[PDB]
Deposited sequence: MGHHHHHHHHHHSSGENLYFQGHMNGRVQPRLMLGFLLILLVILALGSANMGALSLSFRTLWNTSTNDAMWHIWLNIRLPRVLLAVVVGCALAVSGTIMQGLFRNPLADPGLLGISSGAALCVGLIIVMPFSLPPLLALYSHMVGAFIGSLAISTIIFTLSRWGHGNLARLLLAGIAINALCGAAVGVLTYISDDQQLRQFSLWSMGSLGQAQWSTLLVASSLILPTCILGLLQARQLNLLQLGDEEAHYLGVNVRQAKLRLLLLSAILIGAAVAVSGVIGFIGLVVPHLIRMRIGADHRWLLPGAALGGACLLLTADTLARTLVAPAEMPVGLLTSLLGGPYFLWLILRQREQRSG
């Protein structure tokens, strides 16, 4: 174990070192690299925190945004808003999809006997569904929209601008604070719904507010970044293996570790090969995959 304040401090100076350091890797530095580095930070924070709230709510070590298939739902809602305030149509669309699939997965984790299996299977089904639907459309209709969207749903921050980053951060930064105020209920909810109800916890309210919370989070993160699925799985386990599972230290620790890890993954994405902007998600899926298989084993 390690002191929480030390871990937070270390993750914070690490975030700073990583941001400044990735800034070396003129309307380029100010209007492209700065807001892309900052977007990696804000989205990484979104997925980290969301993955942590999610894992809390479902009482599951494996409840990620893009593994229960909430991300895929949000993205597919983005696509349904493009086939037919614009950034707000993306926000509200991806938030609709996010909240919808999130509400399905929530329903299934509560009413059935608590099984990580089932949830992750619903994940596989939904992911396969959307992943199929996109490529199908790539074979059906042809225009710049669908190719750009197919590369974008792969999870990329190649299209980082100041207005997107602004709206995204205006939805994300207060929701990550709202996640932090709820860290008490999140702890007590770990005991079980009934158990927490006996302690005074209004379990329904806490469940809703958490669902909502992570829905807004994933909505924003996805509608600006696409689909990334390990920044909600891995970072909370990483922080939690060095702090108590207490959510007061868990949430913020993840928020900083997520910004760290995504940024390391994005900065490495656009640099790992000579002028080749490969989507972040290829890198997260690649690294996080066989890591996750290692956890099982």
{"item": "Deposited sequence positions missing from the model - stretches, numbered from 1, in order", "value": "1 to 26, 52 to 70, 130 to 136, 350 to 357"}
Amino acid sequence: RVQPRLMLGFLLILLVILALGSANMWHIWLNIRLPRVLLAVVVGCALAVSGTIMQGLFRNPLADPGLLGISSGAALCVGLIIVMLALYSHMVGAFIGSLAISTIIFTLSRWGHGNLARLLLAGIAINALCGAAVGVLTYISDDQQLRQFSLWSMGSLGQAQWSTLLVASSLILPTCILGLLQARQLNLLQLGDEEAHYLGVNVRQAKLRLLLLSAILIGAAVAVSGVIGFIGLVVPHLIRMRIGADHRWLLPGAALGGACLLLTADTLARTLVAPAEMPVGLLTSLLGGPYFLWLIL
From here on, numbers count along this sequence of modelled residues.
property: Mean temperature factor over C-alpha atoms, higher-scoring stretch between 170 to 178 and 111 to 119; result: 111 to 119
property: 29 to 37 versus 241 to 249 - which carries the larger mean C-alpha B factor in the record; result: 29 to 37
property: Out of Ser163, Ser72, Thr103, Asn187, highest CA B-factor residue; result: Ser163
property: From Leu208, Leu217, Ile140, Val227, residue of greatest CA B-factor; result: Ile140
property: Cα B factor band for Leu295 (lowest, middle or highest third within the chain); result: middle
property: Third of chain Cα B-factors occupied by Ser156; result: middle
property: Among modelled residues of the same chain, the CA temperature factor third for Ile124; result: lowest
property: Record-listed C-alpha B factor of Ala274: chain third; result: highest
property: For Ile17, the third of its chain into which the C-alpha B factor falls; result: middle
